Amino acid sequence: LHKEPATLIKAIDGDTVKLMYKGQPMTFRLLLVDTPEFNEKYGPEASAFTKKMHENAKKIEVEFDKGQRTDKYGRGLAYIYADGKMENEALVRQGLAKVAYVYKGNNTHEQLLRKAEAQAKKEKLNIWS
Ligand SMILES: Cc1cn([C@H]2C[C@H](OP(=O)(O)O)[C@@H](COP(=O)(O)O)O2)c(=O)[nH]c1=O
Ligand SMILES: [Ca+2]
């Protein structure tokens, strides 16, 4: 895989963000995770967590996997990096997302994220408390 530039347009929620990619506004859905909806328990915290990652970043990057790059809603499907830290993985590691939506062919970082989840669960963080 490889990283590509993007710039923040606006935070949305724990697992979606609006970025400018190749000069075009797009909504991105973070691969391999599920955050709670804003109206659900840990939703606000997940949204805040992701929001802070984007807004503090000097450099946002997107990384597509090997498969589908957009979903049926036209959302980009990527791993998102904030100053080199993967937001997807950070969310799971902190117990603010579950590993989810693991589809054949876009699953390059699956094991990395599962390892983070196992650690969040051990620590009983947030969703695992
Ligand atoms: C994360 C992800 C979601 N989706 C679709 C499946 C789900 O369809 P349904 O909307 O039919 O449930 C939806 C879940 O996203 P949200 O968790 O953002 O709602 O997005 C993909 O198709 N590919 C993916 O990689
Ligand atoms: Ca969600």
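Net charge near residue 118: determine it from the other residues with C-beta under 13 Å of the C-beta of residue 118, scoring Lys and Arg +1 and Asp and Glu -1.
Numbers: positive: 93, 98, 114, 115, 121, 122, 124; negative: 89, 110, 117, 123.
Charge balance in the 13 Å sphere: +3.
Its Cα centre serving as origin, the chain has a Cβ charge dipole (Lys and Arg +1, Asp and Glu -1) of approximately 140 debye.
Taking 0.36 nm per intervening residue step and subtracting the Cα-Cα distance, what contour gain separates residue 40 from residue 4 on full extension?
Working: separation 36, 0.36 × 36 = 12.96 nm, distance 3.22 nm.
Extending this stretch completely gives an extra 9.7 nm.
Using every pair of distinct Cα positions in the chain, the Kirkwood expression returns a hydrodynamic radius of 14.4 angstrom.
In this simple spin-label model, placing a label point 7 Å from the Cα along the Cα-to-Cβ direction at both residue 18 and residue 119 gives a separation of 3.4 nm. Against the longest alpha carbon principal axis of the chain, how many degrees, from 0 to 90 and to the nearest 10, is the axis of helix 110-122 turned? It is inclined by approximately 30 degrees.
With ideal geometry, Cβ positions are generated from the backbone for all residues, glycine too; neighbour counts draw on all protein chains shown. Read-outs throughout are calculated quantities, based only on the coordinates presented, and are distinct from any laboratory measurement.
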